[PDB]
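Listed below are the residues making up each chain.
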Amino acid sequence: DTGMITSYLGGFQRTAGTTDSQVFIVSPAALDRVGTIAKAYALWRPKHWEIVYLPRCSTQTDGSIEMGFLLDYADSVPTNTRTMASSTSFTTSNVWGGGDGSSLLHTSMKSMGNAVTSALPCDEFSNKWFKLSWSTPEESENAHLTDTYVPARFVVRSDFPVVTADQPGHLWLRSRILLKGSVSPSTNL
Amino acid sequence: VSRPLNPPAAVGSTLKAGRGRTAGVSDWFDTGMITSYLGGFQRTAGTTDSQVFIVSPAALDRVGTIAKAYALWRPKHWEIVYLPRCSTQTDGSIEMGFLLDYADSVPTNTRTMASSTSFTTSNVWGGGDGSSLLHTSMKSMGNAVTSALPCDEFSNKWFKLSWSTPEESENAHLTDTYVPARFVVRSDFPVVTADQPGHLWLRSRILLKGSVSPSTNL
Amino acid sequence: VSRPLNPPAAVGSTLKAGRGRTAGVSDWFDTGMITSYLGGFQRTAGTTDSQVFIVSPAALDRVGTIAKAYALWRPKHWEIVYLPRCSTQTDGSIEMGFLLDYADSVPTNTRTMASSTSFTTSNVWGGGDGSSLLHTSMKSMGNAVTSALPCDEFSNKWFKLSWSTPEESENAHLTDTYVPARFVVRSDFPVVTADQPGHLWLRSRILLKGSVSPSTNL
Amino acid sequence: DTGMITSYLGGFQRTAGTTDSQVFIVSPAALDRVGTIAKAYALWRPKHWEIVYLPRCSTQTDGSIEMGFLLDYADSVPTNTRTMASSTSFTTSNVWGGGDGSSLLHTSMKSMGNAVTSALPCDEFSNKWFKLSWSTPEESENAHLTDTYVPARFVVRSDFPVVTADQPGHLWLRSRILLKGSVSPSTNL
Amino acid sequence: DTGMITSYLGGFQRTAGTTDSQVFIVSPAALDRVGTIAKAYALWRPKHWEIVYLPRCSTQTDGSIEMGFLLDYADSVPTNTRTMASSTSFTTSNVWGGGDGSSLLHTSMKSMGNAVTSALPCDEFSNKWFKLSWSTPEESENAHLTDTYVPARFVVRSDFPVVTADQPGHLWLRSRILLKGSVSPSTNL
Ligand SMILES: [Ca+2]
Ligand SMILES: [Ca+2]
Ligand SMILES: [Ca+2]
Ligand SMILES: [Ca+2]
Ligand SMILES: [Ca+2]
């Protein structure tokens, strides 16, 4: 058991003229510390996987951010807000809100207050062991196949198109996972 | 007489859906024991001929659209009941069973069919008592002809709701990852003229979990 | 030791579905007070510009597919709440209201909009208190900016669930027979650059009645 | 439940190439008895799967044997001692020893003495059922897909590349599995 | 806590010089798996660090192996049997034996039989934390300084100077350590 670990997931990017839509595969692979530790193991299971958004913009900034999870790799990614609002653990807030979530990064408290978070319901995987993968899914790979080793996908969206591109905030991950099975990091793919 | 005003720099909010329902629909749902029409028992001329029914919520007509609002599902009970509707002068019998591996081949004779999971057979005009099992939660009894999928093997699994049918090009091993099982019905008596001596009713119960936009659900 | 046998001439049954459910789904359904996303408040450059939302279960994303399993429906409550998400330096206001006759024209100015049913207006950064109304059954209070359709006019009517959008060629009088009403949102302040200062949330409750196969439901 | 059963897995083959390692798929398919019995069932679960190495050579034979498991079909096969050592249930020993393991073939006790064994940690599959397959994984089959019906792969390699090919010992398997669901043997693929 | 982990330490190399002894620094740095895992932490503490020697040669091989630990970086490395015998956890045995130790690689039991092992007495570090280092001690570095971040040195030597260099056996490490404090792997030096 790794315990709760905080990882920088990436920034919240807003490209001009189009509504942003970043998709993150739920895997330790890319995480600075977790990714490294995980490489020495063959299997893993998510116990807690919650993303907390922290703003870095001015209160004058317009727009909101929308977050949620997709549990079937075959399901398509939401293109509008109404659709996004039906996803798992949907959360939305002004692009400048969420500052109260700061403490969640070094604590284990439950998201509360004006915190902007979205947590993957991990009860779904309490009996499964996923094989740790370090490669990106092929374009040609059948969705049903990918779904077998991808717990879920995390989606981040912008509610409306901006004139000028910017990065309103940061996406942080609080995760706790179980690692099992011995393998050489170099042979772990 | 006078009230203070101190507007914020901006106004907004933070939405986090999830009481246990998203967008007005529960995030978890149990259908309970329900009864619906599966299909008719069709008799034809080829011996190889058999009917195959994939275990999926898509088989439920009304329940189907409801399931479309969920991401995962699990079979808690899936039992087929055969109801005869023919003269007792009708020859032949019916054979039913389940195939748990999408890779396994479909039985083409009685000897082989008899080895399928929850196999059961009967003369085509038998099983009349089964009609009392419909719409009730009673347990099989009388000459009732039934076949129930042992759902204990899925008690830890969560299948993703898939709405498209498996292609030909699809590797059986892959199809097997999202298809709990296949139900097979066979006639041991090839007939000259096609007919339908009885019907197949489904007594099932499934769990639906995880919110998702119906239109994005594939 | 010996049991008598006296087979019938034929065997069969009589099925009559209808406990209060057909094919495993109730024949009547009440959603209760639910909350879902309607759309964003979009500001543009034309003055005539206004957004129109047709009152229909199709507006509910998850509830939509469920409704597809029913033939009739009735609005018991349909109220829109405006939630601001912008700087308090944002100029302009928002105007909302309902049109009860599909034939009536859409308002193009404030004077006219003000006469719509359940009309309400406010500066675009006002209505912050409305966020507490979401997911709850509380009643409007605080600076909450809301507009509720007086559903008492439909308490005897049963609308047929229609899934296709009204055509152009369709006579307004005809469209009016299956569209309870239209909700209109207008900006009084034309802007240089399009933006979205706030959002529109829907607090509703509808009744669904009558069993029907989802695929045949149009 | 089959109970414990001893099966001849094959011989330990030493050759001239370096990246020469034998790989066995964890499945009842090829087993003399277990294979026949399993044919009548649709699903299976490994409760115990342990390989015991037994010598058949002179005490003058140099070199050692290395065994271990790969839990992800996508992981690559170790090519040197350093990385083989990181496989699951890794074990190693000189090529002519391991006699204390012979009794493990009719007993059910645990590996002790100089016995050379490698036991797959089956607690990983305690909650799932695999569909019995009798065909060999296609060449073109996506590793991720093969992984779905292959519990694990067992790997055996030499550290001492030899001049003349030989067979220093035998690989014995003592397993115990659960079978579930009936199916006609001739239908079982 | 990493739990017990098996790592390939290297081979037992015999050469022509007499004062020829292999020296290993007690650290996770070079270990295949432990090294990767440790990279994500800033501090560590050895809970168990034991080396097991395993043969790979003919029973005709003459000579013996000697292993032990040096707890002070300033102490000199033994050059003969008499003084090697005084090292910490000293152990010795002929070069072709030690087979009873193979099971210690997947077990957690204690050295018994003809097993050849040397376990560092870790009760010495039960109250301290070492800062994980990944660089090799400078040549010019004062021994006293190096001693501050090196728990101990493990020494292996032959008593039988050979004519032709060879490798009679392998050196295996089974360790268990505690890691504490987070740090970015790429930042960890
Ligand atoms: Ca892997
Ligand atoms: Ca789906
Ligand atoms: Ca209709
Ligand atoms: Ca099979
Ligand atoms: Ca360091």
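Residues numbered from 1 in each chain as written, not as in the entry; some residues may be left out. Chains lettered and ligands numbered in written order. Part of a larger assembly, values for the part shown. Heavy atoms only, no water.

In its metadata, the entry names X-ray crystallography as the structure determination method and reports 2.7 Å as the resolution.

If you tally the helices and strands in chain B, you get three helices and 15 strands. Relative to the 2.2 N^0.38 estimate, which gives 17 Å for 218 residues, the radius of gyration of chain B is 23 Å and therefore markedly larger than a compact globule would have. Along the first, second and third principal axes, the C-alpha atoms of chain B reach 95 × 40 × 30 Å. The buried share of chain B, reckoned over its 218 residues, is 56%. The contacts in chain B between residues at least 6 apart in sequence include a share of 83% that link residues at least 24 apart. Carbon and sulfur atoms form 52% of the exposed surface of chain B, whose accessible area is close to 8,900 Å². (Helix = DSSP H or I, 4+ residues; strand = E, 2+ residues; numbered from the N terminus. Rg over C-alpha atoms; globule rule 2.2 N^0.38 Å. Buried < 20%, exposed > 50% of the residue type's maximum accessible area, 1.4 Å probe, protein only. Contact = heavy atoms within 4.5 Å. Areas by Shrake-Rupley, 256 points an atom, 1.4 Å probe, with all protein chains shown as cover.)

Across its full length, chain A holds three helices and nine strands. Counting from the amino terminus, chain A carries its helices and strands in the arrangement β-β-α-β-β-α-β-β-β-α-β-β. On C-alpha atoms alone, chain A measures out to a radius of gyration of 17 Å, which is about the 16 Å that the 2.2 N^0.38 rule sets for 189 residues. Each principal axis of the C-alpha distribution contributes one length, and for chain A these read about 50 × 40 × 30 Å.

Protein coordination of the calcium ion (ligand 2) is provided by A:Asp72 (OD), A:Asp75 (OD), B:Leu161 (O) and B:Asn217 (OD1), with donor distances spanning 2.4 to 2.5 Å. With B:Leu161 in the loop between β13 (159-160) and α3 (172-175) and B:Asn217 in the segment after β15 (195-211), this pair connects stretches of sequence that are 56 residues apart. For B:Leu161, a relative accessible area of 1% puts it in the buried group. B:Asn217 sits in the buried class, given a relative accessible area of 0%. (Donors = N, O, S within 2.8 Å, 3.2 Å for Na, K, Ca; no water.)

Let us now look at the interface of chain C and chain B. On the side of chain B, 42 residues touch chain C, which itself brings 42 residues to the contact. For the pair chain C and chain B, the summed buried surface comes to about 3,300 Å²; carbon and sulfur atoms form 59% of the total. The largest per-residue losses of area from chain C upon contact with chain B belong to C:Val11, C:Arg62 and C:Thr65, which jointly make up 23% of the total buried on that side. Salt-bridge contacts for C:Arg62 lead to B:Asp27; the nearest nitrogen and oxygen are separated by 3.9 Å. Linking chain C with chain B are 21 residue pairs in polar contact. For the side of chain C that touches chain B, the secondary structure elements donating two or more residues are β1 (10-11), β2 (21-22), β3 (25-26), β5 (34-43), α1 (61-67), β7 (70-84), β8 (86-87) and β14 (195-211) of chain C. (Buried area = accessible area lost by both parts, 1.4 Å probe. Salt bridge = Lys/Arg side-chain N within 4 Å of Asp/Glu carboxyl O. Polar contact = N/O pair within 3.5 Å; in protein donor to acceptor, adjacent residues only side chain to side chain.)

It is worth spelling out the sheet that holds strand β2 (residues 21-25) of chain A at this point. Working definition: the strands of a sheet are paired by backbone hydrogen bonds and lie parallel or antiparallel to each other. If you trace the five strands from one edge of the open sheet to the other, you get β2(A)-β8(A)-β4(A)-β5(A)-β2(B), paired in antiparallel fashion. Each edge of the sheet is formed by a strand with only one pairing partner; in this case those strands are β2 of chain A together with β2 (14-16) of chain B. The mean angle between the axes of side-by-side strands here comes to 10 degrees, regardless of whether they run parallel or antiparallel. The sheet contact formed by strand β4 (residues 64-70) of chain A and strand β5 (residues 88-94) of chain A spans five bridges and is antiparallel. Following the sheet pairing, A:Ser64 is matched in β5(A) by A:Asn94. (Pairing = 2+ DSSP bridges. Axes fitted to C-alpha atoms, helices over the stretch in contact; angles between N-to-C directions.)

A few words now on the side chain of A:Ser86. You can see A:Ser86 is positioned in the loop between α2 (81-84) and β5. Beyond its immediate stretch of four places on either side in the chain, A:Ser86 contacts B:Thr22, B:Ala23, B:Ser211, B:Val212, B:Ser213, C:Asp61 and C:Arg62.

What follows covers the packing of aromatic side chains. On inspection of all chains with the given rule, the structure shows 36 aromatic pairs over all chains. Plain terms: the ring middles of B:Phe29 and B:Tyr70 are 6.4 Å apart, the flat faces sit at 20 degrees to each other, and that makes the pair stacked. Of the two residues, B:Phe29 sits in strand β5 (residues 28-30) while B:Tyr70 sits in strand β8 (residues 70-84), which places them 41 residues apart along the sequence. B:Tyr70 sits in the buried class, given a relative accessible area of 2%. Relative to C:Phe159, the ring of C:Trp73 has its centre 5.9 Å away and its plane inclined at 40 degrees; by these criteria the two rings are tilted. Linking C:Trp73 in strand β7 with C:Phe159 in strand β12 (residues 159-160), this pair joins segments that are 86 residues apart in sequence. Each member of the pair, C:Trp73 as well as C:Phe159, carries the same accessibility label: buried. (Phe/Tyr/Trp six-rings, centres within 6.5 Å; stacked < 30°, edge-to-face > 60°.)

Residue-level contacts link 31 residues of chain B with 33 residues of chain A. Overall, the association of chain B and chain A removes approximately 2,500 Å² of surface from exposure, summing both partners, and the carbon and sulfur fraction of that is 49%. Together, B:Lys16, B:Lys160 and B:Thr216 form the three largest contributors to the area buried by chain B at its contact with chain A, with a combined 22%. Here chain B and chain A share two salt bridges between them. Between A:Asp147 and B:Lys160 there is a salt bridge, with the nearest N and O atoms lying 2.9 Å from each other. Connecting chain B to chain A are 16 residue pairs in polar contact. Those elements that provide at least two residues to the side of chain B that touches chain A are β1 (10-11), β2, β8 and β15 of chain B. Broken down by class, the residue content of the side of chain B that touches chain A amounts to 14 nonpolar, 13 polar and four charged. (Nonpolar A, V, L, I, M, F, W, Y, C, P; charged D, E, K, R; others polar.)

The next thing to look at is the environment of E:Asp75. All names here are of chain E. In this structure, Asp75 sits in the loop between β4 (64-70) and α2 (81-84). Look at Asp75 and you get partly exposed, because its relative accessible area is 38%. It is 10.0 Å that separates the C-alpha atoms of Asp75 and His144, two residues lying 69 residues apart in sequence.

Another aspect to go through is the relation of the copies chain C and chain B. Of the two same-sequence chains, chain C is brought onto chain B (RMSD 0.0 Å, axial shift 0.0 Å) by a rotation of 180 degrees. Given the turn and translation reported, the copies of this chain are related as if by a two-fold rotation axis. (Least-squares fit on C-alpha atoms.)

Below, the discussion takes up the pattern of salt bridges. Inspection of every chain in the model, using the stated rule, returns 30 salt bridges over all chains. Between A:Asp123 and B:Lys209 there is a salt bridge whose closest N-O contact spans 3.1 Å. Here A:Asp123, found in the loop between β6 (116-120) and β7 (130-131), pairs with B:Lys209, found in strand β15, and the two come from separate chains. A residue is classified by how much of its surface remains accessible, and A:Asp123, at 47% relative accessible area, is partly exposed. With relative accessibility at 13%, the residue B:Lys209 sits in the buried group. E:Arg14 is the salt-bridge partner of E:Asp166, the closest N and O atoms lying 2.9 Å from each other. Here E:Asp166 is found in strand β9 (residues 166-182), whereas its partner E:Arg14 is found in strand β1 (residues 5-14), with 152 residues between them in sequence. The exposure class assigned to E:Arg14 is buried, which follows from its relative accessible area of 3%.

All names here are of chain E. Taken in spatial order, the four strands line up as β2-β8-β4-β5 in an open sheet, and their pairing is antiparallel. Two strands bound the open sheet, and with one partner strand each, they are β2 (21-25) and β5 (88-94). Sheet twist, expressed as the average angle between the axes of neighbouring strands with direction ignored, equals 15 degrees. In this sheet, strand β8 (residues 153-158) lies alongside β2 in antiparallel orientation, the contact comprising five bridges. For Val23, the partnering residue across the bridge sits in β8 and is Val155.

This part is about the arrangement of the chains. Taken together, the seven pairs of chains in contact show their highest number of contacts between chains B and C. For the non-touching pair chain C and chain E, the nearest C-alpha separation works out to 37 Å.

Residue and element names in this part refer to chain C. Residues of strand β6 (residues 50-54) alternate between two faces, with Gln51 and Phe53 buried on one and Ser50, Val52 and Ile54 left unburied on the opposite face. Where β6 lies against strand β13 (residues 182-187), five bridges are found, and the strand directions are antiparallel. Within the sheet, the bridge partner assigned to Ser50 lies in β13 and is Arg186.

What follows is about the side chain of B:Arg203. Relative to the assigned elements, B:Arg203 resides in strand β15. One polar contact links the side chain of B:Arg203 to the main-chain carbonyl oxygen of B:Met138, over a distance of 2.7 Å.

Right, let's talk about unusual backbone geometry for a bit. We note that A:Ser89 has phi near 60 degrees; this positive angle belongs to a residue other than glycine. With respect to the secondary-structure elements, A:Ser89 resides in strand β5. The buried category is assigned to A:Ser89, whose relative accessible area is 18%. Although it is not a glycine, C:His135 adopts a positive phi angle of roughly 65 degrees. Along the chain, the position of C:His135 falls in the loop between β10 (117-123) and β11 (145-148).

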